[PDB]
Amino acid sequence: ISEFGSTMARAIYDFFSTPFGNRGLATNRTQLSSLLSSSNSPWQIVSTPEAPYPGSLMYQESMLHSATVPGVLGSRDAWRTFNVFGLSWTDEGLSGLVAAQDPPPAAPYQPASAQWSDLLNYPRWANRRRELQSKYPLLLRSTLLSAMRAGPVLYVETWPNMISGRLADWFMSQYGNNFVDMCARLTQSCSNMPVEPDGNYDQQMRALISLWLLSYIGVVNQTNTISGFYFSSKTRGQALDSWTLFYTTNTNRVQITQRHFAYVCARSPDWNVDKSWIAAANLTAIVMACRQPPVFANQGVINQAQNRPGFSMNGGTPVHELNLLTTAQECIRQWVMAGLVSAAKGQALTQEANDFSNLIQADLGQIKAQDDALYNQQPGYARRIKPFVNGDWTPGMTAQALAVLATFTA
């Protein structure tokens, strides 16, 4: 940890496309169509058959970027004849995606699997910088999901008396609010981009992610607060989980002595149902977009994402992983230990977590198995969620990540 953190404005605008397998990019035109806005814009538990989970849109949008963006970078007129999956751009500014001609003007673009793009090769983005910067958090979010072996990474940073001054008043203005609402409002505030490293929006987003995470893992709770603040949920690891911002006058307040940083990813596929992890993953992309962030350890990203200058390196910042169930269980263990619930209410809670994780393993397991089968056999099949492997359900290195995160209060 540099004592200052990541103060450098962003100067490199790299994009990493989604890995795909034997039958190409696991999307089609019906799925891509479904992601667009009323105005045809790709840049603007409510499940659907097409997108079963919250984490579905994240994956499916990474395929939309990978299909549509890397193919127009060739120049100023690329958009006139460019088409992919039956879609074409409306203008050089990539405002909207509409139906292509068929036959098209040129041969349709072929997405490439797990491939890097320098987005500054787009002449318009090289000259009108503010219009790349405003799209880049979306594009970075895709890039990071594609580079991750499992679920989405979080940017996790604490610093000496981090919630104070106007940042304190800001958190107090949100007393009793839901975490996901807070995240959506900040996304909302960032639309008109000007996000400077260490500015107000930046410091809010970083402090929100780590306040939340440290409550998610149980080390921050009502007996152990950051400048009074903590998130709470009545349930833990369960369908009903809902994190509310609370404030305490009279309980222990941590004394952060130094700056702390970690990248933390979700190992287990239940990340797909976790709205708070996903909302934290979205802020993470806005936070990372505005700066040059820590360089990833190579072992933290898939093979095709290694050794990208400014992004990944031998010796980079490690990516810690969390099995979500293990973490729910550990959170609960922290709550019993803090005297926040009885030892018997701890068991009830563990059992409702274990029980919910059972229904999610099975629902995702079947989505996986159907998707895998259909991807290999049905041409032009649209996968509904990022591919995973059954081993992602083990704890893995969860305990290592919990031990590191517990030091973030010191």
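Note that residue numbering follows the sequence shown and begins at 1.
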Report, from the record, the number of residues in the deposited sequence between residue 44 and residue 45 that have no coordinates, as none, 1 to 3, 4 to 9, or 10 or more.
-> 10 or more
Between 82 to 90 and 333 to 341 (mean CA B-factor, as deposited), the higher | 333 to 341
Averaging the C-alpha B factors as listed in the entry, name the stretch that ends up higher: 11 to 19 or 391 to 399.
-> 391 to 399
Options 365, 380, 70, 55 - largest CA temperature factor per the record = 380
Going by the entry, which of 239, 289, 265, 211 has the most elevated CA B factor?
-> 239
Going by what the PDB entry lists, where does residue 133 fall on CA B-factor within its chain: lowest, middle or highest third?
-> middle
Residue 260: C-alpha B-factor third of its chain, per the entry, is the middle
Residue 293 - Cα temperature factor, lowest/middle/highest third of chain = lowest
Residue 324 - Cα temperature factor, lowest/middle/highest third of chain | lowest
Chain thirds of CA B-factor: placement of residue 191 | highest
